[PDB]
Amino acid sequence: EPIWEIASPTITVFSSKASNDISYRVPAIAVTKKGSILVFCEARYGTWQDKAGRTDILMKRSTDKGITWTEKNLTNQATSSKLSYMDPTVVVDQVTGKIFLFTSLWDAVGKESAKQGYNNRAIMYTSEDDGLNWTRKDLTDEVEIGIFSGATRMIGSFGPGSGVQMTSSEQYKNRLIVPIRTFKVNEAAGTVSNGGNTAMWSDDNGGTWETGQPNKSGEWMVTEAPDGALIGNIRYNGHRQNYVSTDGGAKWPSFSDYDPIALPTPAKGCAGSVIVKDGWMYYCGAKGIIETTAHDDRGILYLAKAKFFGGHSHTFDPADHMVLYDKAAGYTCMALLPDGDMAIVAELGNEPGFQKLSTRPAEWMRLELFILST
């Protein structure tokens, strides 16, 4: 039985300034072949609100488990831009060591909720030199989504968080799996609606990308079980949903909701994280607290673990829950370190939840790195 511990004092990778200056949201983490940690996040200028103005995708890279860092701005939007990069989603090719990061480019400022996502573009950033340099590629028009029950679909967004490479699967060996979320297009109204989630995958180290059949919708991440089954976890209000594909991401017919006691979450939901190590599955996210007028319901970072036992069956024991932080806790992502450690990045704050103010002070949220050891 693995028993984890915060092996050091936690590191603060990103710290938000005043909401009206710049805020850092939605962290994604990846460990490169060499052993370098890459932490990606959304840089929201002038506001904290979703899809409310200009945004960049930022990355901080550390070669020494977070002691020293370098920062890069991958997107570099002109200050004039009114577009919003969102939902950084990353996967690493453990063959080539090539790193892929996916982000959705919205044109949503001012538009109504149903038309905010209409113009979304699916953007991919790849790096072949351990994160030092990145190539940009717009997949919006190369990557087609099937017509299902007559419906027109588009890529809505990704993850957020991390995908997975299928290393335990012989049938789909080394397939790169990226969690996507589709939109159903209404061409006569100019609106979009949720089309369900599926996988976007590549069997040729990212040269070509193919999609599967969507089903359930919601922010989600995906990992691979010891038996090659893809195990996803979807955000819902008050519960997490299991989301399993046994055919390499093409279809997602198996799903069930976790009891709140096994995997608790805020009443209004929050993005969580999943990963697998040595036949154990881990979920990490906010436990959820009672929201008040001052702060939301996103509090208490925790990590849960379950042992696979029937191929990819598993049961999260609440007795195996490990609390990591008692105050505000939000979006999370996880990665595996070469030395056997586990890297966890998370949104944290100092109030029991995150603050609700129109303008929120510096350090109202930070992206904190955890290093856990067995």
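From 1 onward, residues are counted along the sequence shown.
Undergrad: Comparing 250 to 258 with 104 to 112, which stretch shows the greater average C-alpha B-factor in the deposited entry?
TA: Stretch with the greater average CA B-factor: 104 to 112.
Undergrad: Which is higher in the entry, the mean Cα B factor of 135 to 143 or that of 266 to 274?
TA: Per the PDB entry, the higher value belongs to 135 to 143.
Undergrad: Quick one: which of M86, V185, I231, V164 has the biggest Cα B-factor according to the entry?
TA: When the deposited C-alpha B-factors of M86, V185, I231, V164 are compared, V185 is largest.
Undergrad: If I read the C-alpha B-factors straight from the PDB entry, which of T32, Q49, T63, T332 is highest?
TA: In this record, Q49 carries the highest C-alpha B-factor of the candidates.
Undergrad: Report the third (lowest, middle or highest) to which the CA temperature factor of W69 belongs, ranking only the modelled residues of the same chain.
TA: Answer is highest: the recorded C-alpha B-factor places it there.
Undergrad: Looking at the entry's B-factor column for C-alpha atoms only, identify whether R181 ranks in the lowest, middle or highest third of its chain.
TA: Its C-alpha B-factor, which the entry lists for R181, ranks in the lowest third among residues of this chain.
Undergrad: Of the three thirds of its chain by CA temperature factor, lowest, middle or highest, which one includes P27?
TA: Its C-alpha B-factor belongs to the lowest third of this chain's values.
Undergrad: When the modelled residues of the chain are sorted by Cα temperature factor, does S217 land in the lowest, middle or highest third?
TA: For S217, whose C-alpha B-factor we compare with every modelled residue in the chain, the answer is the lowest third.
Undergrad: Taking the entry's C-alpha B-factors for this chain, is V91 in the lowest, middle or highest third?
TA: For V91, the deposited C-alpha B-factor lands in the middle third.
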